[PDB]
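Presented below is the structure to which this report refers.
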Amino acid sequence: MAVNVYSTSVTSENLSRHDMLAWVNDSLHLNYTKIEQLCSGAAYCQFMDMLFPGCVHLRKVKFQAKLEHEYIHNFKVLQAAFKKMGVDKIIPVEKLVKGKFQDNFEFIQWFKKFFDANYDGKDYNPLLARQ
Amino acid sequence: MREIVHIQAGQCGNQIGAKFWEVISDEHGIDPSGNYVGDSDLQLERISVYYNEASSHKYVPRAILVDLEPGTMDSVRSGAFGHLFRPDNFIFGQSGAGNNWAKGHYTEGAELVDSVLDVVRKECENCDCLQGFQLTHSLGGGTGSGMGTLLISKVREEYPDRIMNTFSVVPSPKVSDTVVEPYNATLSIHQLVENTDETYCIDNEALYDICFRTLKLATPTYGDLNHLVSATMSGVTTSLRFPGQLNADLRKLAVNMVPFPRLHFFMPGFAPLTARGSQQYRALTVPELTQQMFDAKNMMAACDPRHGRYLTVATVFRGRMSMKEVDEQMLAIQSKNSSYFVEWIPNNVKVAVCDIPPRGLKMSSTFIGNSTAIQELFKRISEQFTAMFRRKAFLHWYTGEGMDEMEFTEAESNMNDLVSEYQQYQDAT
Amino acid sequence: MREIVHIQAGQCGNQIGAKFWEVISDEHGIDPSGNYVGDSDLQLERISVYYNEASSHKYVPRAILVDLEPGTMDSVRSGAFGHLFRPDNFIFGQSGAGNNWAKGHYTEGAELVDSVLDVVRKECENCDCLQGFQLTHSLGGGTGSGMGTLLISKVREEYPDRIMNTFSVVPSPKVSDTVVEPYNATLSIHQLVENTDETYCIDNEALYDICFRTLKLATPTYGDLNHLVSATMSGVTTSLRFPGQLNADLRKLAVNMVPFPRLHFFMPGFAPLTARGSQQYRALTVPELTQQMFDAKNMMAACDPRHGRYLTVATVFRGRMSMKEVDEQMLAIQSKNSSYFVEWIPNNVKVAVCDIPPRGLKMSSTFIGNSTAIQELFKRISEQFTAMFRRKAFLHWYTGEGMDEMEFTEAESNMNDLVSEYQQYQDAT
Amino acid sequence: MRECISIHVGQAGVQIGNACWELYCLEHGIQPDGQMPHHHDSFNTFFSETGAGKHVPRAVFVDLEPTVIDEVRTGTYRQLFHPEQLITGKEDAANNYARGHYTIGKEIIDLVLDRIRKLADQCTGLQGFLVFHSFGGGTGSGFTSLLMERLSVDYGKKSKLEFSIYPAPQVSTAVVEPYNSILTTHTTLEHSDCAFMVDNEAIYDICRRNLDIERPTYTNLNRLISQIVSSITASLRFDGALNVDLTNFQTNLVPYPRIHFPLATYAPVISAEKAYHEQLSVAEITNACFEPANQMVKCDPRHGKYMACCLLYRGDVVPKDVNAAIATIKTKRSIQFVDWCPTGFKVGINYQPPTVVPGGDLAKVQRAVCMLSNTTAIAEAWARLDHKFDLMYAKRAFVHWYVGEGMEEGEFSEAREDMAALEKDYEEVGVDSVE
Amino acid sequence: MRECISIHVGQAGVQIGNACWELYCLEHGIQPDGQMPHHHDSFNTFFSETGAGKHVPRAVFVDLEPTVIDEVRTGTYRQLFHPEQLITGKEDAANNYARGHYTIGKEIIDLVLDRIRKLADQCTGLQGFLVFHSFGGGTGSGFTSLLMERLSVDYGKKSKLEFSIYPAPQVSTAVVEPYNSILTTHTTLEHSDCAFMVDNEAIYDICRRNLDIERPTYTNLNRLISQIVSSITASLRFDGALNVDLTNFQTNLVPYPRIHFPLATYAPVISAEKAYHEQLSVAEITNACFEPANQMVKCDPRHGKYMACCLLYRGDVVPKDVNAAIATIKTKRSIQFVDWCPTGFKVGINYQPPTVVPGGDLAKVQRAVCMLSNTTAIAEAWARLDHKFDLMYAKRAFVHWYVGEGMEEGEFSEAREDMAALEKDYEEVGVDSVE
Ligand SMILES: Nc1nc2c(ncn2[C@@H]2O[C@H](COP(=O)(O)OP(=O)(O)OP(=O)(O)O)[C@@H](O)[C@H]2O)c(=O)[nH]1
Ligand SMILES: Nc1nc2c(ncn2[C@@H]2O[C@H](COP(=O)(O)OP(=O)(O)OP(=O)(O)O)[C@@H](O)[C@H]2O)c(=O)[nH]1
Ligand SMILES: Nc1nc2c(ncn2[C@@H]2O[C@H](COP(=O)(O)OP(=O)(O)OP(=O)(O)O)[C@@H](O)[C@H]2O)c(=O)[nH]1
Ligand SMILES: Nc1nc2c(ncn2[C@@H]2O[C@H](COP(=O)(O)OP(=O)(O)OP(=O)(O)O)[C@@H](O)[C@H]2O)c(=O)[nH]1
Ligand SMILES: [Mg+2]
Ligand SMILES: [Mg+2]
Ligand SMILES: [Mg+2]
Ligand SMILES: [Mg+2]
């Protein structure tokens with residue numbers, strides 16, 4: 001099980017887009033340049049693997065998705081472990097996959113709080129996990 | 001030829017544009033239904049600059065009205081004189097920007113400018129020889145400020161070798177319409193200074209003073225204010241819209257009035273302004289026209305030119321007059337009023353004359369002054385922003401949607417540098 | 001002369017065809033009862049190509065409508081505009097194919113193919129000079145795909161030196177109308193790429209997108225979708241039915257757009273498409289017609305052209321237009337959009353112009369482009385087929401009616417091979 | 001032109017069929033005496049018209065105990081049915097599987113097959129048989145198992161759809177229900193093309209909560225069942241934009257030969273008072289039929305995965321709005337499909353709005369949905385029943401009735417190990433596997 | 001196209017909502033039965049429009065004790081509301097925050113959330129939530145806390161406005177009011193975008209003095225609060241020269257995350273007899289709304305400094321007159337602002353004059369002003385409530401009830417320390433600082 005968090009109105013903790021992108025890029029070692037590029041869900045799936053070993057089959061997830069229909073399947077695997085892990089946050093994947101700044105920042109803003117709560121300091125490289 | 005694309009943002013942009021298209025249709029003799037009803041052919045000689053031809057001899061304005069909240073669009077569609085705009089140009093969102101620059105520049109701006117840029121590109125490729133862009137907005141609101149800034153940046157990226165004018169409603173010093181004005185004003189002014197060409201600053205308190213004192217009106221309203229602003233804009237455009245003895249264009253005005261790339265904040269003014277009762281007791285002539293033009297009380301920006309020096313002045317006359325009288329009075333004004341004219345710019349007056357007077361008037365005139373009195377406005381805005389940012393108020397709602405204090409510090413530094421340079425060039429020998 | 005035999009299979013074919021013979025009759029001025037009521041004599045100049053003269057100036061279509069389930073015939077025989085088809089051509093079975101290959105190709109389609117080859121053969125002998133066949137079906141059903149393919153194999157043996165087109169409706173990625181879609185589509189594509197000259201792939205999800213945004217409709221039924229496909233199906237033929245400045249026909253299009261025998265999958269299009277209210281604000285001219293073709297929004301198949309390169313392109317204009325404007329813009333389109341065209345095929349644009357505009361329009365045109373983005377459609381289907389076939393889901397009802405696992409292996413390898421050849425010519429130089 | 005006949009066995013089948021055939025005469029405008037007084041043969045597929053204007057149904061009511069059938073002969077639908085088709089015996093099976101399959105059923109099975117054969121020969125385009133039978137009964141479970149062995153021999157490959165009545169987990173009218181249910185399932189597992197399952201307890205919650213009735217007698221319960229049945233064959237009698245047949249559900253819902261146990265669901269089920277305050281649009285009746293509190297079998301689909309689905313709209317339904325509503329249903333996550341089923345929806349749209357029975361509880365509507373889910377969650381229903389059978393058979397309770405009526409103790413073990421194979425197959429296929 | 005939904009919790013919330021919905025139905029020309037005979041859409045933002053001409057409100061009446069909800073059901077507004085939206089329990093929370101938040105309120109929260117989710121999914125352009133609840137009431141406090149937590153968890157970032165009822169310094173009806181108020185404020189201090197405060201004693205004084213009524217029952221207070229709410233929402237509901245939104249109020253009135261407790265004021269409140277002898281000019285109505293006796297919270301802003309102000313004019317209003325009046329008010333002596341707020345006014349203008357309920361106390365006017373002020377004078381009210389709580393808790397009174405109903409003294413201690421920290425932050429922000 002995992003401890004849940006909320007995000008409605010908090011100050012002194014809202015990170016800028018540059019810092020949020022830097023945290024994502026440094027954690028998983030990619031070359032993302034826009035926060036709107038997180039709609040693929042490939043980076044999100046690896047976050048669950050880091051937070052909880054296992055509980056996500058990293059083989060059925062595809063990272064080279066470029067059309068609108070594999071984005072939906074990608075999210076069907078990312079937070080299908082949300083039910084397994086007990087976290088009850090439901091996201092509008094129907095609206096997330098459009099690749100807009102509207103929600104792609106709101107969800108990553110919540111995920112930063114969720115990641116920080118359940119992170120115990122474990123470290124693992126993503127190069128062999130991805131390949 | 002020389003088509004101009006008009007873009008309107010926010011509630012203020014939409015209302016001012018509605019009044020402006022009212023005035024333009026009246027000038028060109030275009031029926032509200034969209035078909036020509038006028039008599040003279042001089043109106044039809046150059047109509048493609050603003051309007052656009054369509055099947056069954058219809059004429060559709062080349063305007064792109066856009067705003068996040070749909071209320072203004074619904075009002076302009078349901079009201080009269082809304083049957084001629086092209087529905088595709090009607091672009092709106094669902095939730096307003098809420099007086100937030102971050103929300104108007106990073107949240108709804110993405111999709112809104114995607115659609116707006118698609119429409120703009122289609123219109124421009126439909127145009128034969130593009131002349132420039134026009135954008136009317138306010139520096140105090142959220143959607144207008146932020147999304148007009150985003151549109152200006154994208155249009156500058158797409159068309160580097162083009163001109164665009166911005167008609168900005170600057171916040172008032174006496175009474176503020178919104179509590180968080182300075183943040184939006186500073187960010188918008190920084191972006192405009194970065195990537196615009198010319199900007200005509202217009203205030204509301206100055207317009208109200210003009211309407212109450214000169215026009216002698218008891219209940220001045222936004223209809224009258226937008227009427228005055230639209231009259232000024234039409235007077236600006238008439239030089240290339242109509243033939244005249246000494247024609248001038250937007251590029252000509254920019255070249256003559258912009259001496260340095262960071263100094264393009266002009267103050268507009270109009271003449272003659274008279275009450276309905278006291279209009280038959282005056283002789284309409286160039287002497288009194290210029291006299292009414294060149295007094296601070298008849299200034300549309302709340303800045304007293306007596307506190308500064310006129311870097312450059314442009315004067316676009318209309319109607320039929322005599323060039324001898326025009327140049328003689330310009331020389332007399334310059335000689336008598338030399339004290340507040342810059343010494344190192346000799347011959348700092350540009351004059352253009354058209355040949356078609358406005359509706360129901362023998363002659364008129366539009367005055368555009370690039371002066372050094374905007375320094376006080378920039379200083380006041382910078383001081384208010386400095387206080388608010390020092391106490392760190394309302395800022396977590398700009399930080400919570402992408403931004404950070406680095407942007408605010410950079411904008412404040414840019415504003416201070418601009419005002420310092422403005423003063424140092426005012427006080428140059 | 002050069003008559004065309006029309007074959008409709010399945011439910012979609014009987015519904016598209018029923019909306020197709022409404023357009024042709026209106027074009028030629030043929031009354032629903034079957035007698036000519038038109039005014040212009042140019043309509044009757046070439047009427048034998050589609051229709052068929054009978055006693056007392058009655059014209060009957062040269063089409064056969066055949067489907068296994070009898071529920072569709074009563075919808076068109078007892079409905080409106082069903083009094084002109086010849087009752088002999090109404091061929092139907094007893095029970096539907098049940099969304100199955102084998103029940104539509106081996107068991108229940110084999111009992112009906114011998115009663116439908118005696119009507120095609122009889123219709124062919126009365127022909128003066130046969131031009132080709134036309135087939136409209138679906139790739140997801142049981143009888144539209146299963147037995148419509150059986151007709152292709154039988155006809156190709158009898159008339160090898162003929163050209164036939166298939167107006168298939170390829171499935172959609174987002175939603176699936178049938179759970180076992182890939183099994184029927186893969187087994188049909190392996191048969192289509194053998195013995196068809198050209199195939200027009202059409203999508204349903206892209207028709208909702210076009211009708212929702214471009215046409216601005218809220219409740220698009222299947223009547224409006226078939227009314228949009230039928231316009232494209234009539235655009236291809238109209239070159240050989242009416243005189244034009246630069247004529248074309250079925251054979252001319254196949255030569256110019258099929259560089260290799262295995263590459264004949266096209267993506268159709270149409271223009272202009274405008275709503276009812278926003279049609280008086282647009283100038284109907286060739287400039288804006290060619291702009292509407294090449295945008296990815298106005299594509300009839302759910303495949304973005306930006307992901308691939310146009311191998312060859314053919315546009316069939318209609319109406320009356322200057323011949324210079326047509327060639328001037330296909331050069332501008334090719335020059336501006338030089339990155340989306342293949343490099344080893346110069347001047348890869350085919351142009352044909354007719355002279356009769358459609359009903360209620362000044363001018364229109366049809367776009368048919370053999371692109372490489374189609375590869376993404378076959379990659380998706382081959383992915384779904386692999387997942388289901390590995391677990392042998394639903395397979396024990398395809399083996400129980402004649403087929404076996406060995407047949408499925410060939411259909412997957414053949415489809416995978418065709419994808420490799422489709423991409424090899426995209427990066428080749 | 002295309003024919004299908006229906007067979008009703010036991011008291012549950014006759015009582016359900018009594019309410020089902022009342023609905024068909026309403027849809028086609030057939031008076032109770034058989035005469036006649038979107039819109040527009042239709043009645044031909046179910047009603048066989050005679051020389052006069054009378055139409056007689058293609059129904060074969062068969063029971064052993066003559067109590068229930070004698071109500072049909074006397075009731076208001078007396079002149080409608082063919083007098084011979086109502087077949088009755090002398091004594092019931094008395095909740096005994098052996099009595100209704102080896103001793104008493106054998107003396108009447110020859111009369112029933114004669115009437116079935118006479119009905120099939122009279123028709124030309126026979127599609128298949130619809131059988132309405134229960135599970136806990138004696139002549140509804142031990143006799144309908146004898147019919148399957150006989151029908152599947154005379155007619156080789158035809159559709160055979162069953163509408164069973166699953167025994168409730170907590171509600172129980174009988175005490176030997178685990179004995180009859182296990183034996184029936186093992187025998188009719190090879191002679192059933194698909195078997196729709198319905199639980200009596202689940203209907204009570206639907207009627208009490210959604211429809212707000214505090215006295216849901218068996219007549220109010222049997223009205224909900226008939227609506228699903230009429231929706232299955234709605235495309236056979238009416239013309240629609242996207243038709244389906246009895247074979248379409250057959251191919252689209254049975255991935256494996258043993259996995260043919262879907263569960264039905266209907267929507268919308270609202271009262272007349274709440275009908276005026278609801279829009280009742282396509283986008284949400286799809287959502288209503290997918291909630292776990294509206295399923296008509298006492299099992300929550302959340303604990304399992306959806307092998308396949310099938311939706312059947314009818315009325316003022318636009319094919320575009322169905323696609324949009326379904327597309328976001330895959331987005332919402334009360335739904336979890338299987339890995340080897342990338343495509344998992346079948347859509348059938350009809351143009352005939354559902355009709356209402358006067359004096360009933362349902363209100364007039366313009367749209368309706370009859371979802372037929374085939375989910376893995378029904379595996380928990382077999383495990384619960386298999387536990388009851390194992391507990392009671394440990395001490396050989398009630399066995400002496402079955403043994404002395406023509407059955408062997410060894411036969412009880414064969415049906416036990418068969419359900420162990422079905423349970424293993426159901427879970428193994430549903431769960432993911434490597435490669 | 002823009003939708004906001006309203007949730008009414010407790011008896012006070014239900015009564016205020018009844019008055020507010022009567023006012024809305026009057027304003028939009030909607031008959032009590034739901035039919036109907038700047039204005040067209042408008043009613044789309046509040047009234048969902050069904051198949052017929054009937055419009056039903058987007059309201060969710062929730063309560064634990066069924067008396068008031070049954071009164072609403074029996075009342076004249078019976079055919080309007082959706083019967084499923086009215087949710088009742090069995091027994092009340094009985095002025096016990098523990099009972100209303102931990103024990104009882106956990107058994108109906110799922111149904112409330114399901115109804116809320118259905119209502120939200122029905123609409124497309126959802127804007128925010130408007131919550132009408134009290135503070136002294138146990139069910140109001142507990143269920144408001146629970147709903148705040150659940151809605152903040154479900155929907156991430158949406159406007160959540162609350163219309164509270166602050167306990168009066170002297171007029172009172174309960175004994176555990178300090179406990180309830182402290183607990184609810186501590187719990188929902190982080191789940192509220194803006195919380196308007198209204199007191200009963202101030203409205204009593206206003207109705208006694210300005211309007212001249214000597215029998216001011218709860219109906220008059222409900223009418224006044226409904227008028228304030230309608231004046232707030234008029235910008236969304238109607239067109240105007242200068243429009244404002246919920247996000248506009250939120251942005252312009254909340255400068256710090258914790259300081260989001262503005263107070264409301266309405267003008268002009270005059271009777272029918274005094275209406276004929278008054279001119280009702282913009283300047284004088286602004287002066288009346290800025291007078292200290294007209295404030296609807298028992299605290300005189302003369303003890304504090306204004307932090308933010310929002311004026312909302314409705315009717316024949318001239319922006320020049322508004323500007324002149326506001327400049328004069330800023331010049332006036334009694335109005336003192338904070339040093340770091342050089343700009344302190346947000347102005348909105350609407351073209352729809354306020355409507356009059358027939359039989360109401362107020363008279364018809366052509367100009368109306370609603371003034372929302374975020375100031376520092378609420379610190380004294382917070383200090384008084386904190387002192388009352390400390391005095392009562394020093395010797396552990398009613399703590400046996402609170403502990404027995406599933407709570408511990410740790411919650412009381414944390415609430416106390418959080419309130420102390422909030423008061424310290426409020427005072428520090430309000431006070432001036434060098435540099
Ligand atoms: N001259 C003139 N100015 C106006 C008029 N109407 C509004 N304004 C100014 O425009 C500003 C309105 O802010 P906008 O940019 O339109 O903001 P909005 O469209 O309401 O949406 P938000 O930015 O989200 O608040 C006000 O501060 C006014 O000072 C008008 O009719 N004439
Ligand atoms: N464009 C368009 N497509 C349709 C229409 N009607 C059906 N379709 C498509 O055609 C398919 C129907 O399958 P068919 O090939 O017609 O199958 P059938 O004729 O019903 O026979 P069976 O396969 O045995 O059921 C559906 O998947 C739809 O996607 C229509 O009116 N217009
Ligand atoms: N849904 C529904 N179920 C019924 C109805 N009537 C009876 N049943 C079911 O039928 C079961 C009774 O056993 P039956 O199958 O009727 O047995 P029978 O037909 O009387 O034959 P015998 O077992 O020999 O007596 C009960 O458990 C009920 O669940 C009905 O009207 N509606
Ligand atoms: N302004 C106003 N306040 C009211 C009205 N009715 C009740 N109240 C307030 O509500 C308080 C009573 O607590 P409630 O929130 O109503 O509690 P409840 O709804 O009775 O339910 P319990 O808390 O379980 O007792 C009183 O102190 C009043 O101040 C009303 O009509 N108008
Ligand atoms: Mg706005
Ligand atoms: Mg079919
Ligand atoms: Mg019995
Ligand atoms: Mg109470």
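Every chain in the structure tokens takes a letter, A first, then B, and so on in the order presented; its residues are numbered from 1, and the ligands are numbered from 1 following the presented order.
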
Per-residue DSSP, segment 16-135 of chain E, filtered to helix (DSSP H, G or I), as a ChimeraX atom specification: /E:16-27,43-45,67-74,83-85,97-103,105-107,109-122

Chain A contacts to chain B at 10 Å (only C-alpha atoms) as number ranges by chain: A: 9-20, 99-103, 105-106, 109

Those same residues, written as a short mmCIF file (atom, residue, chain, number, x, y, z; two decimals), in the first residue's frame with N, CA and C atoms?
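File written: part_5.cif
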```cif
data_model
loop_
_atom_site.label_atom_id
_atom_site.label_comp_id
_atom_site.auth_asym_id
_atom_site.auth_seq_id
_atom_site.Cartn_x
_atom_site.Cartn_y
_atom_site.Cartn_z
N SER A 9 -4.29 23.92 -3.09
CA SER A 9 -3.73 25.27 -3.00
C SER A 9 -2.62 25.25 -1.96
N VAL A 10 -1.37 25.17 -2.43
CA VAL A 10 -0.20 25.17 -1.57
C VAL A 10 0.83 26.13 -2.15
N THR A 11 1.48 26.90 -1.29
CA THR A 11 2.52 27.83 -1.69
C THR A 11 3.89 27.29 -1.28
N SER A 12 4.94 27.99 -1.72
CA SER A 12 6.33 27.69 -1.40
C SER A 12 6.76 26.30 -1.84
N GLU A 13 5.94 25.60 -2.63
CA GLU A 13 6.27 24.28 -3.12
C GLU A 13 5.99 24.11 -4.60
N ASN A 14 5.46 25.13 -5.27
CA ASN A 14 5.17 25.05 -6.70
C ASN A 14 6.45 25.28 -7.48
N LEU A 15 6.93 24.24 -8.16
CA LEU A 15 8.15 24.34 -8.94
C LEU A 15 7.84 24.83 -10.35
N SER A 16 8.80 25.53 -10.94
CA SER A 16 8.65 26.05 -12.29
C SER A 16 8.75 24.92 -13.31
N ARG A 17 8.38 25.23 -14.55
CA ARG A 17 8.46 24.24 -15.62
C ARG A 17 9.90 23.79 -15.86
N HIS A 18 10.84 24.73 -15.78
CA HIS A 18 12.24 24.39 -16.00
C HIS A 18 12.75 23.41 -14.95
N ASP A 19 12.40 23.64 -13.68
CA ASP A 19 12.86 22.75 -12.62
C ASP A 19 12.14 21.40 -12.68
N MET A 20 10.84 21.41 -12.98
CA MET A 20 10.11 20.15 -13.10
C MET A 20 10.64 19.32 -14.25
N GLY A 99 -1.91 16.22 -25.37
CA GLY A 99 -0.63 16.90 -25.34
C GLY A 99 -0.71 18.40 -25.16
N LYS A 100 -1.55 18.88 -24.25
CA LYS A 100 -1.69 20.30 -23.96
C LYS A 100 -1.11 20.62 -22.59
N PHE A 101 -0.83 21.91 -22.39
CA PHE A 101 -0.31 22.36 -21.10
C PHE A 101 -1.39 22.36 -20.02
N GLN A 102 -2.66 22.31 -20.42
CA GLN A 102 -3.80 22.31 -19.50
C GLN A 102 -3.63 21.35 -18.33
N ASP A 103 -3.48 20.06 -18.63
CA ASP A 103 -3.44 19.04 -17.60
C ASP A 103 -2.07 18.40 -17.42
N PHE A 105 0.65 19.58 -16.95
CA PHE A 105 1.34 20.18 -15.81
C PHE A 105 0.64 19.87 -14.49
N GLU A 106 -0.70 19.80 -14.49
CA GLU A 106 -1.42 19.52 -13.25
C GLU A 106 -1.11 18.12 -12.73
N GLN A 109 2.47 17.90 -11.55
CA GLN A 109 2.57 18.62 -10.28
C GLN A 109 2.10 17.75 -9.13
#
```

At most 6 Å from ligand 8 (only C-alpha atoms and all ligand atoms): residue list as a ChimeraX atom specification: /E:10-11,65,92

Quick one: write out the picked residues with N, CA, C and O atoms as a PDB file, in the first residue's frame?
```pdb
ATOM      1  N   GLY E  10     -26.801  20.647   5.856  1.00  0.00           N
ATOM      2  CA  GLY E  10     -27.410  21.059   7.101  1.00  0.00           C
ATOM      3  C   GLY E  10     -28.722  21.797   6.902  1.00  0.00           C
ATOM      4  O   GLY E  10     -29.125  22.144   5.790  1.00  0.00           O
ATOM      5  N   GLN E  11     -29.399  22.044   8.025  1.00  0.00           N
ATOM      6  CA  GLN E  11     -30.692  22.721   7.982  1.00  0.00           C
ATOM      7  C   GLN E  11     -30.554  24.154   7.483  1.00  0.00           C
ATOM      8  O   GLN E  11     -31.350  24.608   6.650  1.00  0.00           O
ATOM      9  N   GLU E  65     -30.796  14.379   9.319  1.00  0.00           N
ATOM     10  CA  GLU E  65     -32.152  14.330   9.856  1.00  0.00           C
ATOM     11  C   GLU E  65     -33.148  14.691   8.760  1.00  0.00           C
ATOM     12  O   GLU E  65     -32.985  15.725   8.102  1.00  0.00           O
ATOM     13  N   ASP E  92     -29.705  12.540  13.177  1.00  0.00           N
ATOM     14  CA  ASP E  92     -28.860  13.707  12.989  1.00  0.00           C
ATOM     15  C   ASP E  92     -27.519  13.529  13.698  1.00  0.00           C
ATOM     16  O   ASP E  92     -27.325  12.622  14.512  1.00  0.00           O
TER      17      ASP E  92
END
```

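Proximity to chain D was assessed for A:77, A:129, A:86, A:113 counting only C-alpha atoms; the smallest distance is recorded for A:77.
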
Chain D contacts on chain C, only C-alpha atoms, 6 Å, as an MDAnalysis selection string: chainID C and resid 98 176:179 221 387:388 393:394

Selection within 12 Å of ligand 7 by only C-alpha atoms and all ligand atoms, output as an NGL selection string: :D and (9-15 or 62-69 or 88-97 or 99-100 or 133-143 or 174)

Close residues, residue 202 of chain E itself excluded, 8 Å, only C-alpha atoms, min 2 positions apart in chain, as an MDAnalysis selection string: chainID E and resid 199:200 204:206 295:298
